[PDB]
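Residue numbers (this note's numbering), protein chains in the order written: chain A, 9 to 148; chain B, 2 to 121; chain C, 37 to 383; chain D, 536 to 588; chain E, 40 to 498; chain F, 85 to 153; chain G, 4 to 53; chain H, 89 to 186; chain I, 27 to 127; chain J, 40 to 94.
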Ligand SMILES: CCCCCCCCCCCCCCCCCC(=O)OC[C@H](COP(=O)([O-])OCC[N+](C)(C)C)OC(=O)CCCCCCCCCCCCCCCCC
Ligand SMILES: CCCCCCCCCCCCCCCCCC(=O)OC[C@H](COP(=O)([O-])OCC[N+](C)(C)C)OC(=O)CCCCCCCCCCCCCCCCC
Ligand SMILES: CCCCCCCCCCCCCCCCCC(=O)OC[C@H](COP(=O)(O)OCCN)OC(=O)CCCCCCCCCCCCCCCCC
């Protein structure tokens, strides 16, 4: 999962929409596959068909969220000519939240996901710009 | 952190270097607070067993206070020793490495420049 | 159970823990672990009901899997280093296997699934012995091998443990399951601060041991295992309601109680190493532990739930249980914050 | 915690097994006695951080 | 500051060793003696603060708050002794003990030189108030009120602890006397933006800010009378003291990071006053009035000018006294009629004339009748906000009109009109209630003669 | 009032100076301790962060059964 | 005494004042050394303040 | 390194995946656990004998003794649950979900 | 059916019934009158009156009167010698090194 | 509309419902050892391959 994040962040922002979208979709699909694996492990399905349907549904939802977020953020960076700006990532996060609402087919969870994941994507953008460390190496 | 210090002479509560330090006074405020902790535990011991709290078993409350004072005195001795060791190691390492700890060129305020942000 | 056989078995448990603590050989660490587990199995099965045998079976399977993983890590380290001295490891695979073996033995998430069921199936005294004494040896082994521990793995285990423990304890009504999820969250905190300053880990371990011992001792003093039976305590002994109120407030880390000191010093240590997001996330997550603690205090001390008729028959008799060290750990778990600089004795 | 009971008490409970270059019965040498002896004579007394480099 | 701490902790053996009938007399007497003793803090100098020790100091901002706390404790002892009449003796002593402990934490909070000691005392104040509300409150939802209050405060305050520890590690000290001379500019970045948010949100929640005020019309309502008095009079001012102390480190990033909260608090006071216009509950109406006045204090602190600071501290003291008196009057009505509905008991001036006079005086000071210190604080904040921008005079004038409207609506509804026919248990006013009202009123009127002792450290 | 209850301005002045000197010394010592801890962690040549190694007093030096060792 | 409970608190205030004076004496490192109040000692005294 | 080491690691991994996925019986889990111990025995014995570490030759005996005592305890637990339920199925050990 | 066993709500006690001279402090008349005397003496006669007297005679609170006297002295001294009463710069420009640009 | 409906909706009620839903998902395990050990195997595989904790 380390090489997926580097290959997503190696592309300059607002430059290559297709490759950024593909990298975001791959990251989303990996996360959805992990979620589906734990789901079919702990909550066992009725049959093989129900389990593979749940796996496909979760993976497709997460991959669609990733693709929509990447495409929206890259397009907003292209249009505004502001590559280093967390507003583009906020727009992409709200687009991903609206996609999550569309997949689950309910408006309220979609709006809440728009707000919360737009804030989260903006925070990730600020951390990338300012060099915030989440798993900080021991120093003192 | 300090296991290299406490590695050549292991499992010692107070090494022989601790005796060069001033012992805590018996009127130490921390020691008095630990004695108050002992008194409070004695009162709780009276309370949970449905005894008169301030009257029953004065020997029990005295032993509570005495035990707390004893253990707290030795813990305070160890704490003071370990902070002394911390400072000693810090100063020895600062003195032994003068290249890494240069003297800061202090400047008066007539030479330094600070931006002014008006509040209006 | 014979008193003498019980004495011998308890000293065998402490002997296994001592053998793990004092030895410089990996095989002796393994030997102490199996001695401790083999001796502690009959403490779980003191009552001989199907729930105790089920809990003992799950505990045995989990500890045996963790022990085999530990032996695998030791053998890999011997293969790649040719020695057995308990110190930093010479292989990342051996370090990963040993870290996950110690995580399985501690019951940290996602290996946490055995802790609440095992704690529920066994008596209160054996559950106290488990959740207090069984965690001294894996944390000592972790304290000995910190130069080889992967930072990402241990931090992931820590944050997962804290979140899963809080979310799990939100839903429980049995007291033993609440104590188990609380334990999971606290081990998350302890192994979170492990790689930066292990003295903070020792301080958090000591404070958690004292607070858990106080809460379990109050539970066996009142013979309560559910929320409602604990809520009946106001009509039997209100001093115990005051004690459980102050101890549960201190367990949530509310200042100026002694439970504030571990997370305060942990946040102090984590910000020195330029890690700011994780201590904020762990504090916000520990608010959930505070939530179900406060729910318990609402049901027990700050309201008067309806009682029954036979409480009068219980009024006419005094208690005779040996509430050993209960006032001492009640005082030491609430009014220890002014003695915070005492943590320098643990370095 | 690693309570060094053996060094405090002077007993030798598991140090004889702890390395391959130690005192072996009938003076039987190991295959890598010399290399291990040289590595130990390096790493002694300088800590793990200095001995790793 | 040990000459006030030690008698406060000696109040505890006084209430735990008194007779079954002499606990109120002893506690009230000795708390009044310590309140008289608290006047020795007025040895303030024009250049230097009164620095007692390494841990304690008291400048001209913390001194009025200290005197207010130490004077407020015997008022709560006098107020809370009628509804605790039939209570068990041990529970009565526990109630008095929680009041004593809260006063101890409050007087250790305002004098803390170190910022982390201020934080520790400021969050130690949570436990006695939560216990008082959730134990001696009368309603069902006192538990929900306690949960809301506790979790709003802790969710606001944990990032403050993280940011204070960061400031300690970066600057080297949290001593307020050191930080006055060692302060550095805070540049514009995202890191400093979240520093400002972390340092400010705890006191924005505790004040409260509009939008974070949802815990106030619950904790102020389901509490007992002493709890409501100590929540309205002192506990809202911990946020004001915190923003006055912590704004020193947050420059010059405050000048643009203060815009959204200035718009929240300028529009928020209009919303809360309009809410006050249509309230069926008297206690909730007083709580929302408190929200509006603390929004005024928030704006005054955020624009950070000398006139705004003087108006903010004067308004804090004045609103504490006025809100305490209003809560006491509402409690007396509640003891008479056993309901908090404002429309139930009407026309009480024909039955309770001197209580109606006390109601009129409290209402007059609520709408800032000059030359009360209410009007002095409100006027100074209005002048400073006019200096900030000119349309603030439009907002302030609208707020003043609605404030007069709801205060006189309170008075006209409760006291005037035709009395309720079927209510016949309206007893004459006791000497205790009248003494409580006069002890709230007379310091408030006397402070208009010498208003210079409540105008902050930059008078 | 100023003779009985209040304190002299000189006393408060010099007391504040003493407090400021003590607290500035404490802050400088805290910063120096942070820098020392960082340097000792990075280099490993100081008395702190001395992780243990194999003790060389355990090595057998007597002649073995095989010369090539 | 039959009214010792009425003298618990004033002796607490007196003891707190005494501890305040003791600590003020403890913080006397810059007595008669400040650049604003430095002066020669008048005879028949040894310190500027106590 | 050598090849028989790779085969013993793969045998240990196979027995571990067998233990970590129960089918029906507790006895199959115990058999997978004891196969894991046997693979540990073979690996450690081969390493010690090839390295000519003379004093380490006592380790596999102690390992065998301790893990066989473990297996005796596990067999006793299996017999107890079989006496409780009439079979050693792992789906009957689900009372502690509540 | 009939619900759980619980006492009904007790009737409110009128303090003026058994004691028409009540101040509302306590049910015992002696404790009540002594509480009234304590509150009225130590609240109004002691704290309010002597507190107002103490605040009224504060020894030059925050040096305002001294500042006025010193301003009078400085204005007289500067007016006598033709000096400007106040300068635009608080510190001397001679002892200030501006950054070179 | 604002403080009785919406200001109550955004901050406290949505957060409370989210924590309630997460708690109900976490604690809904079926109490089977086989599923727990399958989850352990999945965790080991994810850490070894997808997360590279053995490097
Ligand atoms: C009552 C409800 C509302 C509560 C609101 C509370 C405040 C909101 C913002 C809090 C942010 C978290 C604390 C930040 C402390 C920053 C200290 C600092 O040094 O900052 C600079 C540091 C900078 O890192 P550094 O200082 O290590 O690096 C050195 C400096 N540079 C970058 C130049 C190299 O900032 C950070 O490390 C990250 C700050 C942002 C953190 C974002 C995650 C939290 C998001 C908000 C959560 C709010 C509560 C949510 C839960 C509510 C209840 C359910
Ligand atoms: C202080 C912060 C905490 C706040 C809460 C405190 C609670 C505890 C209370 C403790 C005691 C009270 C403390 C504050 C006391 C304030 C009062 C005080 O001391 O003032 C000093 C002030 C001091 O005034 P001064 O400063 O001008 O005096 C000069 C100073 N000396 C005396 C040294 C020369 O006292 C007065 O102003 C008294 C003046 C004389 C009396 C009044 C005469 C006129 C009265 C009205 C006449 C009619 C007018 C028209 C009416 C029409 C109808 C309405
Ligand atoms: C760096 C740190 C290194 C290590 C430092 C030292 C760590 C000490 C850890 C202590 C762990 C305690 C474990 C639990 C208690 C052990 C004793 C025991 O077996 O107690 C249970 C026993 C069962 O008897 P039974 O009659 O069946 O009880 C059922 C109720 N009728 O008896 C009972 O139930 C009797 C009822 C009372 C039991 C009270 C037990 C209190 C034990 C904890 C004391 C406080 C913690 C130790 C001191 C501080 C250490 C930091």
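Beta carbons: idealized from backbone N, C-alpha and C, even for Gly.
Environment of residue 62/C [buried if 16+ CB atoms lie within 10 Å]: Burial call: buried.
Kindly indicate the opening and closing residues of the alpha helix (DSSP H) around residue 307/C. Per DSSP, residue 307/C belongs to the alpha helix (DSSP H) from 296–308.
Segment limits, alpha helix (DSSP H) that includes residue 207/E: Residues 181–210.
Three-state secondary structure (DSSP) of residue 57/H: Missing from the structure shown is residue 57/H; chain H here goes from 89 to 186 and no further.
With a threshold of 6 Å on Cβ separation, who are the neighbours of residue 164/C within its own chain once the five nearest residues in sequence on each side are excluded? Excluding its 5 nearest sequence neighbours in each direction, residue 164/C has C-beta neighbours in its own chain below 6 Å: 252, listed in chain order.
Of all the residues that make up the stretch 73–90 of chain B, which are near chain F by a beta-carbon distance shorter than 7 Å? So the list reads 90, given in the order they occur along the chain.
Identity of the residues DSSP links to residue 151/E by a beta bridge: DSSP, once it has assigned bridges, lists 95/E as partnering residue 151/E.
Mapping the DSSP letters down to three states, classify residue 47/I as helix, strand or coil. Residue 47/I falls in the coil class under three-state DSSP.
If you draw a straight line from the C-alpha of residue 243/E to the C-alpha of residue 127/E, how long is it? C-alpha separation (whole angstroms): 39 Å.
Show which residues of chain F have a CB atom less than 9 Å away from the CB atom of residue 65/B. Result: empty, since nearest Cβ-Cβ is about 36 Å, beyond 9 Å.
Can you say whether residue 52/E is buried or exposed, counting buried as having 16 or more other CB atoms within 10 angstroms of its CB? The residue is exposed, with fewer than 16 neighbouring Cβ atoms inside 10 Å.
Report the residue ranges of all alpha helix (DSSP H) runs contained in full by the stretch 153–211 of chain C; include only those spanning at least 4 residues, in chain order. Along the length of the stretch 153–211 of chain C, whole alpha helix (DSSP H) runs at least 4 residues long occupy 160–169, 172–180 and 187–205, reported in chain order.
Could you pull the start and end residues of the alpha helix (DSSP H) that residue 294/E belongs to? Here the alpha helix (DSSP H) through residue 294/E covers 293–296.
Taking contact to mean at least 3 C-beta pairs separated by less than 8 Å, is the stretch 134–142 of chain C in contact with the stretch 200–217 of chain C? By the Cβ criterion, the stretch 134–142 of chain C is not in contact with the stretch 200–217 of chain C, since fewer than three pairs of Cβ atoms, one from each stretch, lie closer than 8 Å.
Within 10 angstroms of the Cβ of residue 106/I, are there 16 or more other Cβ atoms? Answer buried if so, exposed if not. Burial call: exposed.
Does the beta-carbon of residue 53/J, which I'm using as the reference point, lie nearer than 6 Å to any heavy atom of ligand 3? False, no ligand heavy atom lies under 6 Å from that Cβ.
Residue 75/A - containing alpha helix (DSSP H), residue span: Where residue 75/A is concerned, the enclosing alpha helix (DSSP H) stretches over 56–88.
Would you verify that the beta carbon of residue 136/F is, or is not, closer than 7 Å to some beta carbon of chain C? Answer yes: the Cβ-Cβ gap between residue 136/F and chain C drops below 7 Å somewhere.
Sequence-distant residues of the same chain with beta carbon closer than 7 Å to residue 206/E, five excluded per side: Counting only Cβ-Cβ distances below 7 Å, and skipping sequence neighbours, we find 213 and 288.
If we cut at 7 Å on Cβ distances, does residue 229/E have a partner in chain A? So yes, residue 229/E belongs to the interface.
Report the three-state DSSP secondary structure of residue 119/C (helix, strand or coil). The DSSP-derived three-state label of residue 119/C is strand.
Just the chain J side, please: which residues come within less than 9 Å of residue 109/H by C-beta, in chain order? Near residue 109/H (Cβ distances below 9 Å), the residues of chain J are 73, 76, 77 and 80.
Within its chain, find whatever has a CB closer than 6 Å to the CB of residue 201/C; leave out the 5 residues flanking it on each side and keep chain order. Same-chain partners within the cutoff: 217, 220 and 221.
Considering just the uninterrupted stretch of the alpha helix (DSSP H) at residue 102/A, what are its terminal residues? For residue 102/A, the enclosing alpha helix (DSSP H) starts and ends at 94–112.
CA-to-CA distance, residue 151/H to residue 110/H, given in whole angstroms: A direct Cα-Cα distance of roughly 25 Å separates residue 110/H from residue 151/H.
Grouping DSSP H, G and I as helix and E and B as strand, with all else coil, what is residue 38/B? Secondary structure at residue 38/B: helix, using DSSP grouped into helix, strand and coil.
Reduced DSSP category for residue 13/E - H, G, I as helix; E, B as strand; rest coil: Residue 13/E is absent from the structure shown; chain E starts at 40 and stops at 498.
Under 6 Å: does the beta carbon of residue 205/E sit that close to some heavy atom of ligand 1? Within the cutoff, so yes.
Three or more C-beta pairs closer than 8 Å, one from the stretch 223–234 of chain C and one from the stretch 282–294 of chain C: is that the case here? The stretch 223–234 of chain C is not in contact with the stretch 282–294 of chain C.
To which residues of the same chain is residue 346/E closer than 7 Å at the C-beta, ignoring the five residues directly before and after it? Within the same chain, and ignoring the five residues on either side of residue 346/E in sequence, the residues whose Cβ sits closer than 7 Å to its Cβ are 419, 422 and 423.
Identify which residue in 170/E, 311/E, 216/E and 320/E has its Cα closest to the Cα of residue 262/E. Selection 170/E, 311/E, 216/E and 320/E evaluated against residue 262/E yields 170/E as nearest (Cα-Cα).
Please report whether the beta-carbon of residue 94/C lies at a distance below 7 Å from any beta-carbon of chain J. With respect to chain J, the C-beta atom of residue 94/C has a partner C-beta closer than 7 Å.
Compute the beta-carbon to beta-carbon distance between residue 380/E and residue 286/E, rounded to the nearest angstrom, for a pair I have assumed lies under 8 Å. Not quite, the Cβ-Cβ distance comes to about 42 Å (not below 8 Å), so this is no contact.
Are the CB atoms of residue 74/A and residue 32/A nearer to each other than 7 Å? Yes, these two residues count as a Cβ contact at 7 Å.
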